[PDB]
Amino acid sequence: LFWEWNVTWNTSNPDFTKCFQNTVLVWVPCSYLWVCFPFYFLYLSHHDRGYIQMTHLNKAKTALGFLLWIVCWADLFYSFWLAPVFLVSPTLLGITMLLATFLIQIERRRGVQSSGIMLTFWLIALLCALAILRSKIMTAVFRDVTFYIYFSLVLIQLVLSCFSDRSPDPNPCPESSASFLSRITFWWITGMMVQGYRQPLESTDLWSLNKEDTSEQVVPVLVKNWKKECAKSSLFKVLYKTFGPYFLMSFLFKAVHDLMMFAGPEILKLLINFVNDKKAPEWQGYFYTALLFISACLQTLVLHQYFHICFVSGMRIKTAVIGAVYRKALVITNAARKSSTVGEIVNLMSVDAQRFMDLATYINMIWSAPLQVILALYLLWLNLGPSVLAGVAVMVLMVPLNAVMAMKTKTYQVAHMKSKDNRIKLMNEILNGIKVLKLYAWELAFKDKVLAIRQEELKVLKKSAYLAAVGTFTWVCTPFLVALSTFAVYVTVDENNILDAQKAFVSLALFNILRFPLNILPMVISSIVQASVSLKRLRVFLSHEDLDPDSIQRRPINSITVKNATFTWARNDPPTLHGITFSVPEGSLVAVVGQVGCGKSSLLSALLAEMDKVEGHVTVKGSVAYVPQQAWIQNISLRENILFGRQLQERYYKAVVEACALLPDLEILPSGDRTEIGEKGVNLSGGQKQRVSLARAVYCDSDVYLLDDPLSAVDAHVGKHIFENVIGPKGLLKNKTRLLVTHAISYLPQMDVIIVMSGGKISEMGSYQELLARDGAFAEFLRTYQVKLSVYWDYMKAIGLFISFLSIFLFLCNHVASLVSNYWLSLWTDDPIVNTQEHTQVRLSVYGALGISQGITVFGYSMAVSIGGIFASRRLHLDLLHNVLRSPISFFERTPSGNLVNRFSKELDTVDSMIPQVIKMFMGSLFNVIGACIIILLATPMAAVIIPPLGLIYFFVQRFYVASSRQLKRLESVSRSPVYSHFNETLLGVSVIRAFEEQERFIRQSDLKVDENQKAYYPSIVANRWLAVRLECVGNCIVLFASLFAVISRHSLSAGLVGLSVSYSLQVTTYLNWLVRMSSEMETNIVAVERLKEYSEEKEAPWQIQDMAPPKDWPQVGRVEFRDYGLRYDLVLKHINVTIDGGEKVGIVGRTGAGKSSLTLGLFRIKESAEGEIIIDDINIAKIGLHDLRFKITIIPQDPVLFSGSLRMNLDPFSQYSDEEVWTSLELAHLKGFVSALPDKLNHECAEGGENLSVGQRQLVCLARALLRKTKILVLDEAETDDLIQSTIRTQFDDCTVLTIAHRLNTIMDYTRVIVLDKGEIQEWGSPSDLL
Ligand SMILES: CCCCC/C=C\C\C=C/C=C\C=C/[C@@H](SC[C@H](NC(=O)CC[C@H](N)C(=O)O)C(=O)NCC(=O)O)[C@@H](O)CCCC(=O)O
């Protein structure tokens, strides 16, 4: 009377036995709350949130828990008033009920608004009660009424448990306040999604993070663990175990998900067996159908809990890594600073942290993928037998083959990356010197130079396309690669074996499962190798030696005290300052004096605890303001540069700004002091950078100032003014202890104390007059001296219509072939079993041929698609480059250089890497979903009525997801860049920050910048889970209906038709979610194509008109004639009617604001003539093509910008002039001695802008360019080597006509026929003799 099959599996009324009802159905819920409870105290204790108040809901639940216990014990009372189960079961139920009410009580105490255990437990109890209820109502007072009361109370308790209790910024994330049901299905983001449909998302209306995802909590925890280990020993992975306890729930969730996923094919086997057998009740089939849907729903909920936990752990890992690296960068010693690069360190933060999030999502595969394949193997084995091994051998041949590919893809990126940077380093060199480049027609040469690098880069992309082809091939047809071999061996080995519907289709479903773990595991292994590579970098960085923090005694308010102190720049390097001793009293001006490399700047570095103190005692008293030699400028506005995170005082600020003589600099700058100075914003001259640095130090109002050569780049008058109003005894810092490093004698007599040193050693310090009287070292020193479809059509044109249509045809052929192969397997399964099947050889051969066609087609579209991607990228980059180069300088000056150089990099990276792969994934998923839907209706046509409900809801999520995700996927991208770009700045001014003691402010700044990025990132990773849960639920509904419609119509179809319909239904779930994701990725990445075709409407005079082309000797004499010239800019140039005769030296004089320089722009047609007819000799300029005239006229600009490469490519990019001409021109440019000195001869590799070369040399190289050009018309733009360049321009260019715009009248006096420009008009036209 406990368990039989007659009343439970062979009867049309599926009733449970009486004993089963009273034993197992009651042991399930009571025992469910018994194994988790002891484990629930762990969570309830470790995690606390206060206590919830006394509410009616909490009490209602507690009172019903008391009554429920009574009712269950009331049964024991009546039993006490024969059957053994009538004693233990009621008491056990009462006791577990007493545990339930105690649990809601303690959950109130521990502050859990919504409970998961107190919901699943009631759900399980309800289902058990429902089963007994149905049985008890089918049986029909004494003990039944107690059960009805129990069931009603349990139902009301379950309904109550759904509501969220009262709680223990104006925009907190609803993560914490959401109930259990909302947390399971991620419903709390729905509003944020739906708002994303009408109200465009902004960084302000974004949620704030939780307390578990903020830098202030995640970073100090990892820092403490890192400190504990170092002192304990310093290994690293040991520390990452801290994330383990949280990451541990991922283990349980993945373990549950694996079994839940494998419960699918078993139910499919049961269903196929049911359809095969005629003598079976319909309720049996309905049971399997409902069980499959329940299993799928539990699987998806568990999987998306696992994924969310895994993603949150990775985000925390990134946050902790960023925080730890930033906090360490402020403490590492000098040698460690130089051990890396301000560049590599930033790249370490940018790459290692991202790799950790990238790894986290699939690190669990190392233990899950093996189980997800091994368990399938055993299921396949018991289904088929030994023939499985012959299949798995192919699986063996798949892992290494797939791994080597993942090995190649790992390395090819490197060969691509170094090729990309080499391009992007060159493009800036083009963009910085665009005017000089387009002054004498270097557009083509540099275009070809860039295109060569582009081709070298595209070779690697072609190789990566060939690799990704095999990768996709394996991913797509690994299931069938296994299936064909396994079925062939199974049929061939033995004649007696019969392949029915259940074997073939359950094995096919199992292979569909095997597909994922097989092809993800090598990718996980490669990612682990990369992460372990990055771990070594993080180890060697975090383990760096921090500089002694107490080396310098910083006593709060004899001002500076040094006795017998020797300092080093490294532990093993020799001392730089040997045995220094000096006492600087309060409010005294001390000047450090020495030669180059003496040790002056080292003294100020040592007073800031930047040098490594090998011995001594330093007692700097009070706050220190450091003015470094190399000025550190924050990208913030000039006002905040001077303020330096300090309260603004209008009177003090306005006293500081002009005392540094920053008023003219404020005037020239556009926005004044609100202008964005720094590398990214407006560039500033060195002297201006010094003034701002000094102004910042003066505003900081310290007592001790360390001025490491503040007046190096300021002019003599500006320097004297600054010293008078700032550093001098009658300036701003009169009472401040100033210690200045100088090599200028002009202010030395005003200094109170002069510390003169030699070779890092104190050498007879003293006051100026006393030192002069002593006549020693100081005397010697003094004596020394919604995307539109048009974008998609444009991209498909860029690929090429033939390639695009061929790729589309090959997908259709691949997917039709796969569908036909599966249908053929379905026909094979249900064949006359005439003892076995006789079509075996024929059907096996046909199935093999279809699969070979499938594989050949798959490798086909990828190759076409992948090659089409390369073709489109090549054409897009070429078009962009041609449009930019042909564009006038007005674009360059109007559009920011940063925005333009963004597309030359990010857009090309997107088109080169992301777009083709996303198209492949999107179209593969779309065709798989369409094919599965097609098969569903082929097997069950009545499933068409299920389309409208799903097709509506699928329409909504698809409409709600992409409209919102594109915002977040953008909001994150624009927010992660300010993080690293901040760190770089912090890395440039570590010494300044430590001197001002502003570590904490920058720590908070970095924490805030990381938190903003996380705020942008977390909603996206929750939107992924939201979308996936919705679409997986849709897929589970479609599997439910597809199985149900086969069950109801099992007398018209075959288990094979069922086997195929349900098997494809199981595939629909994992493909709908990826289809919508890939639609989102397409709608986000295809905008890059629009950004690339933006400059399509490139606009300058067509080069080489070839219709009015001039003769070879166009400047026959060089007769220039400005005939009523007017230059628009309202008119800078106006009423210009001048004539410069051939071979007549002519200069242009004028003040700032005149049309002097603009006149040169007129000669080279930089700006089109608003009204003018400039004619050289007998030919109009406006008619001639640009290149022609730009080649026949030469210019020596203000600052010659030398381009990266060899000197010969600088002189002659086209290599048109012979080597003898280059040598002669270089000799004639007073450069033969220097140019012969480089070991590379003419191939000297000059860096960006010729940093290695001096300014004089670069000027002479530009003169050499002009001389090598050998043209009759030459223009000069004048600002030490002036004597040399002036003599050289006066030496052999007397034959040629030279215009000269000089800000100095001394040189212009030599040139006859001076033209003076007052405000664009010709004020005077005649020789300098007539001028005076
Ligand atoms: C892509 C292969 C090359 C191209 C092949 C051509 C066409 C293939 C057809 C369909 C494409 C996609 C199929 C399934 C997704 S499936 C998405 C993936 N897997 C799961 O959803 C986990 C479920 C799985 N069954 C398991 O074992 O847990 C995942 O981790 N999602 C995380 C998230 O939600 O963000 C995988 O591609 C994701 C892996 C992508 C990757 O890391 O390269």
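Per the PDB record, the structure was determined using cryo-EM to 3.34 Å resolution.

A. Seen up close, the sheet that holds strand β2 (residues 577–584). Reading across from one edge, β2-β1-β4 is the order of the 3 strands in this open sheet, with antiparallel pairing throughout. Since the sheet does not close on itself, it has two edges, and those belong to β2 and β4 (612–618), each with one partner. Averaged over neighbouring strand pairs, the angle between their axes works out to 15° when direction is ignored. As defined by bridge partners, strand β1 (residues 560–568) adjoins β2 across 5 bridges and the pair is classed as antiparallel.

B. Up close: the pairing of strand β19 (residues 1322–1326). In terms of strand pairing, strand β18 (residues 1314–1317) meets β19 through 4 bridges, oriented antiparallel. Pairing of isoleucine 1315 across the sheet is with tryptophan 1325, part of β19. Taken together, β18 and the strand that follows it, β19, pair antiparallel across an intervening segment of 4 residues, in which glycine 1320 is found at a positive phi of about 105°.

C. Seen up close, the packing of aromatic side chains. Across all of its chains, the model carries 55 aromatic pairs by this definition. For the ring pair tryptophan 3 and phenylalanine 16, a centre distance of 5.9 Å and an interplane angle of 35° mean the geometry is tilted. Of this pair, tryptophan 3 sits in the segment before α1 (18–46) while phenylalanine 16 sits in the segment before α1, and the two are 13 residues apart along the sequence. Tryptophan 3 gets classed as partly exposed once you look at its relative accessible area, which sits at 37%. Here the aromatic residues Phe2, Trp3, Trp5, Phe16 and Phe20 are joined through ring pairs into a cluster of three or more. When the ring centre of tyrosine 246 is taken as origin, the NZ or CZ atom of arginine 316, which lies over that ring, is 4.3 Å away. The aromatic ring of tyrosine 653 is capped on one face by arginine 639, whose charged end is 4.6 Å from the ring centroid.

D. Up close: helix α40 (residues 1219–1228). The complete set of buried residues in α40 reads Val1222, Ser1225 and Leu1226. For α40, the buried positions fall inside an angular range of 100° around the axis, keeping them on one side. Contacts made by the buried residues of α40 are with α39 (1207–1211), α41 (1232–1235) and α42 (1255–1269). Directly beyond the C-terminal end of α40, a positive phi value near 55° is found at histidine 1230.

E. Broad picture of the site of the ligand. Neighbouring the ligand are 19 residues; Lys254, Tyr362, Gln372, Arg1025 and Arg1077 lie closest to it. With respect to the ligand, the side chain of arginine 1025 contributes an N or O atom lying 2.5 Å from an oxygen atom. Contact with the protein chains hides 88% of the accessible area of the ligand, taken as 930 Å² for the molecule alone. Breaking the shell around the ligand down by element, the ones donating at least two residues are α10 (244–276), α11 (282–329), α17 (443–493), α18 (501–542), α31 (897–939) and α35 (1055–1085). Classifying every residue of the shell around the ligand gives 11 nonpolar, 5 polar and 3 charged.

F. Examining unusual backbone geometry more closely. A positive phi angle, close to 55°, is found at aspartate 775, a residue other than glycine. With respect to the secondary-structure elements, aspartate 775 resides in the loop between α25 (768–774) and α26 (777–784). Accessibility expressed as a relative area gives 57% for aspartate 775, which makes it exposed.

G. Expanded view of the environment of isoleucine 317. Within the secondary structure layout, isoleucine 317 lies in helix α11. As a C-alpha pair, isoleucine 317 and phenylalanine 356 span 39 residues in sequence and 6.9 Å in three-dimensional space. Those residues within four positions of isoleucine 317 in sequence are excluded, and the remaining contacts are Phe243 and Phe356.

H. Layout of the environment of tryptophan 34. For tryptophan 34, the location among the structural elements is in helix α1. For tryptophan 34, a relative accessible area of 36% translates into the label partly exposed. For the pair formed by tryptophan 34 and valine 71, sequence separation is 37 residues and the distance between their alpha carbons is 20 Å. Non-local contacts of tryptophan 34, meaning those with residues more than four positions away in its chain, are made with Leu92, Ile95, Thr96 and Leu99.

I. Highlighting the domain arrangement of the protein. The domain boundaries assigned to the protein delineate domain 1 (18–168), domain 2 (179–363 + 941–1048), domain 3 (560–784) and domain 4 (1120–1331). Computed from C-alpha atoms alone, the centre-to-centre distance between domain 2 and domain 4 is 61 Å.

J. Main features of the nonpolar core. Within the largest apolar cluster, 120 residues are counted, with the highest numbers of intra-cluster contacts made by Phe582, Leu607, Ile642, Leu706 and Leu739. Top element by residues in this core is α11. It accounts for 8 residues. The two domains that each donate at least three residues to this core are domain 2 (179–363 + 941–1048) and domain 3 (560–784). Filtering out sequence-adjacent residues up to four positions away, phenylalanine 582 remains in contact with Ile560, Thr561, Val562, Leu603, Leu607, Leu739, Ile755 and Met765. Listed in part, the 102 residues of the second largest apolar core include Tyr288, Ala501, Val962 and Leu1060.

Parameters and conventions
Residues numbered from 1 in each chain as written, not as in the entry; some residues may be left out. Heavy atoms only, no water. Pairing = 2+ DSSP bridges. Helix = DSSP H or I, 4+ residues; strand = E, 2+ residues; numbered from the N terminus. Axes fitted to C-alpha atoms, helices over the stretch in contact; angles between N-to-C directions. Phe/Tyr/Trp six-rings, centres within 6.5 Å; stacked < 30°, edge-to-face > 60°. Buried < 20%, exposed > 50% of the residue type's maximum accessible area, 1.4 Å probe, protein only. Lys NZ or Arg CZ within 6 Å of the ring centre and 35° of its normal. Arc of directions from axis to C-beta. Contact = heavy atoms within 4.5 Å. Near = heavy atom within 4 Å. Polar contact = N/O pair within 3.5 Å; in protein donor to acceptor, adjacent residues only side chain to side chain. Areas by Shrake-Rupley, 256 points an atom, 1.4 Å probe, with all protein chains shown as cover. Nonpolar A, V, L, I, M, F, W, Y, C, P; charged D, E, K, R; others polar. Domains from an automatic or database assignment. Core = buried A, V, L, I, M, F, W, Y, C linked by side-chain atoms within 4.5 Å.

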